[PDB]
Every structure is written in structure tokens, then in C-alpha cells.
């Protein structure tokens, strides 16, 4: 069952033939998708494309294409096993790509007149990248025998559990900077369990939690020891999963509202949290919507489609 035009193999065999079919799928799929990313770099405005960090990333993708296309057609388990080593190397080599693009683009984008251009390039590049890393990680995970997982697909994911995971994480970060962190309540369908892919949530949830906690602390500088809770509601229905994250952090100002979804815009991280999360949600067939109550707080609505039966 599929992410967009990308299928995650739920097949399984004892002879391990599902691993060869998966491996062969990747082998046919990855080079084409990397070619697309390279075409993306080739079409960047010249002046942005000449930035040395952008050039570095452009070269990384070329190298990846080279390694992928030089790898021989998979015929046996020894082949597949070796291909996995390559996939692991590329996953690691490219792990800082978002950060590098942010850096390379930060100034150089100001050099051009179409602001739509960079946004489009980042949405496209980052979401294609997520899709590639999902397929790749899924293949590697097929070798695992974690219970409740078929690759990266959790067969019985609890939204509440994964939210709490990221809450603990964001609270620790927040405490480190402010001395305290809002407490988080979670309500709604807290007992929901369903088949789901965690990975997008692992990107998005911490970004939105960090935003909500930061806003809460910075609007309560006089009582850091007593700040309004962040409240999270889970709604699980047959079509989608909805996670609403509500804070009393004072809201997103009218003057900032039309900018918060721009890559690089920050009123402080490096301003990628919101546009990246939205691009990811929409890529997967969901959405990310903001409701600002200026003077009071912000509600953020994450919607992700369910895995189709």
C-alpha cells in the first residue's frame, strides 16, 4: 500500500524472495528519482546554483546517482545485501541535506525576484527526499523482525504514544532553555490504534511542539514556573488522523501571519519547521493548517490520511 506513486512493500516470504523484489524495485526507482532532483538543481537560478553549499549538495546528488546506476542488477541475496550497504551509506551521507539547503539558500535567494521559485524548489526537493528516504528505510527495515512492524509500517501505531515520545523530547529541549516547559495534556481518541507510518510524524510532531512550547515560554517570561498547558487533541476517523496542538502562547501576529509559512522566516531555529511540515503533510495526502488567536494563542491542525484498506 502506497505513498504517492511510491509503493511500500508489505509482501513477505520465508525464502526471503520479498527482499529481492523490494531490492529490485528500489534499484529501478531510486535512480529516476535522484535524476529528478538533479534536474531540480540544474534549473535553479544561476546565481543561487553557484552558491558553494548549493553546489556541494548538487554534487552529492550526482554522486548518489552515479553510485546507484553503477550498482549491478540484483540477482541474489548477496547482491541485495550489498545494495543495502549502499542505501545505508547514502542515507547517512545525505542526512544533513535539509540544513545545507537552508544555509545555501538563506542569502542567495534574496538575489532573485521570484520568491515562489525557491519555495517550489524546496517543497519539491524536500518532499521527494522524504519519499526516497521512506522507501529506502522501508527496504532496510524489511530485514528487521521488530514485532508490530512490516518494514517502517507500524501495524498498530498509537498516536498518543508517539505524541508523548515527542512531548518528552520537546519538553527537555524547552526546559534546557527556559528552566521549565509547559505541561502537555492529550485528549480525544487517546486509545486509538491503527496501521500507520511513524516517520512523517517523527519529523512533524517535534517541529510543532517546539513552536508551541517556545511561544508559551516567551509569552510568560514573568511566570516561567507556571505556564498554560499545551493541549493536544487526537481525532481518529475512517478517512484521516487529526492531531490538533493548541497553545496559549499569544498567537501569530497579523504582521507575521503571511510569512510564517515561508522557508527561512523566523522571529527568533532556522525557520524551516512550518513550511517543511506542511510540505510533508501535503505530500502524504494530508494538510497542516494554522488558526491564530492574536493575543491568546495558536491552534495547529495536522491531518494525515489513513492507510488504505
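Positions refer to the first chain, counted from 1. Definition used throughout: the rigid core is the maximal C-alpha set that superposes within 1.5 Å between two forms.
S.K.: Comparing C-alpha positions in 7 other deposited structures of this protein against this form, with the rigid core used for the fit, which stretch differs more, 112 to 120 or 220 to 228?
M.R.: If we average over structures and residues in 7 other deposited structures of this protein, the farther stretch is 112 to 120.
S.K.: C-alpha RMS from this form in 7 other deposited structures of this protein, rigid core superposed: larger for 189 to 197 or 95 to 103?
M.R.: The answer is 95 to 103, which departs more from the shown form in 7 other deposited structures of this protein.
S.K.: Across the other PDB entries of this protein that were compared, is residue 275 absent from at least a third?
M.R.: Across the other compared entries, residue 275 is absent from none.
S.K.: Please confirm whether residue 266, modelled here, goes without coordinates in at least one third of the other compared entries that cover both its neighbours.
M.R.: Yes: coordinates for residue 266 absent from at least a third of the compared entries.
S.K.: What is the count, as a class, of unmodelled deposited residues between residue 32 and residue 33: none, 1 to 3, 4 to 9, or 10 or more?
M.R.: Unresolved stretch here: none.
S.K.: Which is higher on mean Cα B factor in this entry, 70 to 78 or 134 to 142?
M.R.: 70 to 78 has the higher mean C-alpha B-factor.
S.K.: Would you mind comparing 171 to 179 and 116 to 124 for me and telling me which has the higher average C-alpha temperature factor in the entry?
M.R.: The entry gives the higher C-alpha B-factor average to 171 to 179.
S.K.: Out of 185, 94, 214, 109, whose C-alpha atom has the biggest B factor in the entry?
M.R.: The record points to 109.
S.K.: Using the entry's values, work out which of 294, 291, 14, 287 has the largest Cα B factor.
M.R.: Max CA B-factor in the entry, restricted to 294, 291, 14, 287: 14.
S.K.: Based on the entry's values, in what third of the chain does the Cα temperature factor of residue 283 lie: lowest, middle or highest?
M.R.: Tercile = lowest for this residue's CA B-factor.
S.K.: Based on the entry's values, in what third of the chain does the Cα temperature factor of residue 255 lie: lowest, middle or highest?
M.R.: Highest third.
S.K.: Split into thirds by Cα B-factor across the chain's modelled residues, where does residue 233 land: lowest, middle or highest?
M.R.: Its C-alpha B-factor, which the entry lists for residue 233, ranks in the lowest third among residues of this chain.
S.K.: Would you please rank residue 202 by its C-alpha temperature factor against the other modelled residues of its chain and give the third it falls in: lowest, middle or highest?
M.R.: Answer is middle: the recorded C-alpha B-factor places it there.
S.K.: Sorting by Cα B-factor within the chain, modelled residues only, which third would residue 83 end up in: lowest, middle or highest?
M.R.: Answer is highest: the recorded C-alpha B-factor places it there.
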